[PDB]
Amino acid sequence: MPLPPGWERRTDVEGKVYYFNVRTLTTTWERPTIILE
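Take a look at the structure:
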């Protein structure tokens, strides 16, 4: 499960990891899939 450029994964104080699509500025609990359009 690769992370295409423009994807970052950040951990919150809760110990949770949220995924941020930097390209569209989206904060989601969805693992970076093989390309997202």
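Per the deposited numbering: the sequence shown = residues 1 to 14, 16 to 38.
The beta-carbon is built from N, C-alpha and C at its ideal position, and this holds for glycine as well.
Chain-order list of residues whose beta-carbon lies under 7 Å from that of residue i (same chain, five-residue window excluded)
i     : result
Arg32 : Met1, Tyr20
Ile35 : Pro2
Own chain partners of residue i with C-beta closer than 8 Å, once the 5 adjacent residues on each side are dropped
i     : result
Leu3  : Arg9, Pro33
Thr27 : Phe21
Closest residue to residue i among the options (Cα-Cα distance)
i    : options             : result
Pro5 : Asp12, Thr11, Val23 : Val23
N-terminal and C-terminal residue of the beta strand (DSSP E) that residue i is part of
i     : result
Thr29 : 27-29
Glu8  : 7-11
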